[PDB]
Structures are given as C-alpha cells and as structure tokens.
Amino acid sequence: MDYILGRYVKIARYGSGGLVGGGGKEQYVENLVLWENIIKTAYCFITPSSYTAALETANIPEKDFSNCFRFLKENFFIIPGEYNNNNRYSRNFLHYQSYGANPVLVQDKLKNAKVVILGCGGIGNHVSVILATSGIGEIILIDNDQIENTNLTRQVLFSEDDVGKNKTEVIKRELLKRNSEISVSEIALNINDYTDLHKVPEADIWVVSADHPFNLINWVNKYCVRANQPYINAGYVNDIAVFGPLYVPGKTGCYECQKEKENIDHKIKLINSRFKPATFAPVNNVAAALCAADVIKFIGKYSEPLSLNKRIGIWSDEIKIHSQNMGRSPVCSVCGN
C-alpha cells in the first residue's frame, strides 16, 4: 500500500500561496499555511511509503497531513508505488501516471491493439509514426497511391529517393525502422465508391484522413454505423486543422446526425471540382497530433478523448479553437429510430 510523489509534479511559490503540479492539473492554493503543509506531506512521499510510514516522518498534525494526502492523491500528484516500473516507452509512462493510470496496463492495451490508417497522405503519415512509436501493435496502411515530389512537404517519412514508390510501402519501411517490435501491413486500395469499404479489415479503430472524393467521410460513416466499427476523422480546411468526430458504436453521435437552381448550380459544381486544399505542414501536423492523442486515449482508456461527439477546429492565423456539436440524435437518418 505504498505511494510515491510523481516526478512530474513541480511546486512554486505564487501570489499569496503557491502552485502544485504543472500542466492541465495545476492547482493554485491561496492559503500559505495549507500550501506549505502540502509541500511537507509530498516531501514525505518522495520514497515509496505507506500512509502511516509517511506520517511518522511528517512534523505536522495527523488531521492536516491527511487533508494534504487527499489533495495529492486525487490530483494524482502521488500514485501507487507499483505504477513505477528502462523501457523504450518509459517516457510516456509519466504521462499516463499523471492521469491516475497504470503505465504497464495502458502500455499493454496499446500492444494488443490493431489500428487502421485509411489514406496515407499527410495526416496518416504523422498519425502512424506517433502510434507506431507509442506502442500500437498492428497498423494497417490502406492507400494505393504513389509518392510524388510535391508530397515532401507534410509527409515527414519520405525522402526524395522514395519518389515513385508506394506510400504504404515506404511508411512501413520507415515505421519498422523506428520500431521493429510492432507489425505493419499494407492494403493496395482506394475508396472510390461505398462498396470498397468492405475491403477494409476490422480493428480497434479506423483513422480516416484521405480527402477524396468530396463525400468520402459520409460513406465511412454510413458503413461504420452498421459495421459497429469505431473510427475517427482528421484533416483540414485550408488553414484550419480539424480532428474528430471520434465515432463509437452505441455511445456516440455519427457524422450525419447534426446535418442552386439551373445555371448557377453548374457554376457551383465547376468551382468546387476545381478545389485543391491549401496544404501547410503546421496545419497538417496539428491535426495529426491531436488525432493520434485521441486514438491513444480511446485505446489506452485513461482519459477521455477530446473528439467524442465533436468536430474540433484549431485555427492557424488566429488564436482560436472551436468545436461543432455532433452528439447522438434520435432523429438520425443513418443510425436513428
């Protein structure tokens, strides 16, 4: 029944009292008397100790030490001594610990996971490297396209030489070169109609990032609603990084839920058919990173993925993030009544 202060907690005299912990969990306590007692209690836990073995070394009243202990424990500033077991994924461990999770356990869930990356352009490139190096067991690369030179902007795993080769091929080569303890596989396919979706295997989650055709997302959705298959969308609209929704069968809203005359209508169609995204690495990467963060959480099960029932957008030309509601609707034409 040992507890130990996590190495990720930093304290700091601030304002009247002080700060405890860093990041999203940072707590500000105004009462100097209390803040100081928390510091004294935490100090007693630097070495794996039990509640009592720690109180004995404390020079404060058992009542206070107790309130300080409760503080530290709920915010996960102190965690079970067992959660501290040189590994290649050692870095990620502190992260999981900070969320009250068991590193080992989490890592275990990732290893037994199978993830599918649909469309290996800019998004699937970054998502796959994050997932691969984080410990995802199997990755299925689904893309029947070829590397060009103009692709060397957001596709971080490619070198010019690779030009002419298959994306799915180069990614695997590059993924294994970074983590040989996982398995990668390719599927020469390109979702053209709705029928092609049957060609994609079953898996913990599907990362859908390719943007073609216009209503590709809509078929992946439709299909996945009936296939009870979890999936997450990612991409961008020019300068806006976008990720989500993260669809989960029976516990979340689907893409369609919360959803031009004669000559003008043809003009609309011609201008759009003429559309080509204004790609930009920074935007592509923000979208990929946050998408991957959500896939690791959804699978690791230690914190709530952000894009559950939401389509999130992060701007690049202004400090702004905004999410569109996509919660379950009983009145849905895809998975409703």
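Take the two forms, find the largest set of C-alpha atoms that superpose within 1.5 Å, and that set is the rigid core. Numbering starts at 1 and runs along the sequence shown.
> May I ask which stretch, 91 to 99 or 262 to 270, sits farther from the shown form in 5 other deposited structures of this protein once every structure is superposed on the core, judging by RMS CA distance?
Looking at 262 to 270 and 91 to 99 in 5 other deposited structures of this protein, the bigger mover is 262 to 270.
> Figure out for me whether 53 to 61 or 284 to 292 is the more displaced stretch in 5 other deposited structures of this protein, taking RMS C-alpha distance from the shown form once the rigid core is superposed.
Output: 53 to 61, the stretch lying farther off on average in 5 other deposited structures of this protein.
> In a third or more of the other entries compared, is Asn86 missing its coordinates?
Affirmative; at least a third of those entries omit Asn86.
> Please classify the coordinate gap between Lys259 and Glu260 in terms of deposited residues: none, 1 to 3, 4 to 9, or 10 or more.
Unresolved stretch here: 4 to 9 residues.
> Quick check on the record: how many residues from the deposited sequence are absent from the model between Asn85 and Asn86 (none, 1 to 3, 4 to 9, 10 or more)?
Gap size class: 1 to 3 residues without coordinates, per the record.
> If you average the Cα B factors in the entry, which is higher, 13 to 21 or 311 to 319?
Stretch with the higher mean C-alpha B-factor: 13 to 21.
> Take the C-alpha B-factors listed in the entry for 193 to 201 and for 112 to 120, compute each mean, and give the stretch with the larger one.
Taking the mean C-alpha B-factor of 193 to 201 and of 112 to 120, the larger value falls to 193 to 201.
> By the entry's C-alpha temperature factors, tell me which of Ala292, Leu306, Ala53, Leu32 sits highest.
In the PDB entry, the greatest C-alpha B-factor among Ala292, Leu306, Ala53, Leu32 is found at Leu32.
> Based on the PDB record, which member of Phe275, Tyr28, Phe65, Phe280 exhibits the highest Cα temperature factor?
Max CA B-factor in the entry, restricted to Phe275, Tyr28, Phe65, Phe280: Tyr28.
> Which third of the chain holds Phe158 when residues are ordered by C-alpha B factor: lowest, middle or highest?
Middle third, going by the recorded CA B-factors of the chain.
> Ranking every modelled residue in this chain by its Cα temperature factor as given in the entry, which third contains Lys267?
CA B-factor rank for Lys267: middle third.
> What third of the chain, by the recorded C-alpha B-factor, contains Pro249?
For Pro249, the deposited C-alpha B-factor lands in the middle third.
> Divide the modelled residues of the chain into thirds by Cα B-factor and specify which third, lowest, middle or highest, holds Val225.
According to the entry, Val225 has a C-alpha B-factor in the chain's highest third.
> Can you tell me which third, lowest, middle or highest, the CA B-factor of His126 falls into for its chain?
Its C-alpha B-factor, which the entry lists for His126, ranks in the lowest third among residues of this chain.
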